[PDB]
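One chain comes next, on its own, written out as structure tokens in the form deposited in one PDB entry.
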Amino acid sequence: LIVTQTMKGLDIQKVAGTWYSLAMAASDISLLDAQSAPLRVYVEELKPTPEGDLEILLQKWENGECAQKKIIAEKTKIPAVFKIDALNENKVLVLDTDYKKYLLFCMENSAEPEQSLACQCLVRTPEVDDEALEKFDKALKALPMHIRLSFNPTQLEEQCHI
């Protein structure tokens, strides 16, 4: 795979707290298409553990309902890159953040050709941050994305952005 945008000097303890999935993009349409597509996940909160792992609370559509999830992303030697345990190796990379307004991250299946990738623009507040979106869109220029979604403040205050 392919994301070579990573934040230098990341302090993971400082991303802790409330986030909103303002926008999402993926390499393949089917990753985000359906309400229950695999990477259509809505971030609720980031909880870095005191040993530097990253616990992720999120919502996902799974029954005919919005199910809650807890994902644990384990630290690696690279401060901006974490690994989620599965039948396959898949990583979380933090591309950019200011901790207090926005965070840009991607998730990719490692590895390899390249294939499969989804990125989000996270913001602290249920508001459309055009500047965070502009940085998201800048980051995505380097990537082979084929679907992009964006949410309005009303959806951002609903479960699964309904």
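When you see a residue number, it is the position in the sequence shown, counting from 1. Residues that one form lacks are left out of the comparison. If you superpose the two forms and keep the largest set of C-alpha atoms that fall within 1.5 Å, you have the rigid core.
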Open item on the list: Does at least a third of the other compared PDB entries (those resolving both flanking residues) leave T125 without coordinates?
Closed with: no
Open item on the list: Across the other PDB entries of this protein that model residues on both sides of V41, is it left without coordinates in at least a third of them?
Closed with: no
Task: Stretch exceeding the other in mean C-alpha B-factor - 39-47, 113-121 - done: 113-121
Task: Stretch with the higher entry mean CA B-factor, where the candidates are 22-30 and 93-101 - done: 93-101
TODO: Could you say which of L57, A67, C106, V128 has its CA atom at the highest B factor, as listed in the PDB entry?
DONE: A67
TODO: Would you mind ranking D137 by its C-alpha B-factor against the rest of the chain and naming the third, lowest, middle or highest?
DONE: lowest
Task: Ranked C-alpha temperature factor of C160 among modelled chain residues, by third - done: middle
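Heads up, the form deposited in another entry isn't pictured, but that's what we're talking about next.
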TODO: With the core superposed, find the residue in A34, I29, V128, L57 that moves its CA 2 Å or more between the shown form and the other one.
DONE: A34
Open item on the list: Is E74 displaced by at least 2 Å at its C-alpha between the shown form and the other one when the rigid core is overlaid?
Closed with: no
Task: Inter-Cα distance between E127 and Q35 in that other deposited form, nearer or further [3 Å or more] - done: farther
TODO: Compare the CA separation of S36 and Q155 in that other deposited form with the one in the displayed structure, and answer closer or farther (the difference is at least 3 Å).
DONE: farther
TODO: Report the moving segments between the shown form and the other one: consecutive residues, 3 or more per run, each with a CA shift of 2 Å or more after superposition on the core, given in sequence order.
DONE: 1-5, 33-38, 86-90
